[PDB]
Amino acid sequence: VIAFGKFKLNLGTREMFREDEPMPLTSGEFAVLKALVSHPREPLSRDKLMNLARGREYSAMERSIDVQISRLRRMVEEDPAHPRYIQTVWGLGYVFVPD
């Protein structure tokens, strides 16, 4: 489904790879990351992410959205402090920026 940086994510099977090595995604990590990458370049509020994260499983209520973002950044970013793929939009929320 989706490639960015050294990552490949399969939205249907929940398979993720870093440099082709299999890397797991908890339910809530997966829920947040899928909401982000499925809306490329649309900044998403915490409320809208929480909402989009809801599936038929323990997903949205696993951890706070900001803690999920922080964990996803530590997984995907060379520097979590200056993120490339999971960016902050001041006033607003978070955004996936492809490539």
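So that there is no doubt, residue numbering starts at 1 and follows the sequence shown.
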Look over 29 to 37 and 63 to 71 in the entry and identify the one with the greater average Cα temperature factor.
-> 63 to 71
Comparing 38 to 46 with 52 to 60, which has the greater mean CA B-factor as deposited?
-> 52 to 60
Considering only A81, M23, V76, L11, which residue's Cα atom bears the greatest B-factor as recorded?
-> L11
The third of the chain into which the C-alpha temperature factor of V97 falls is the middle
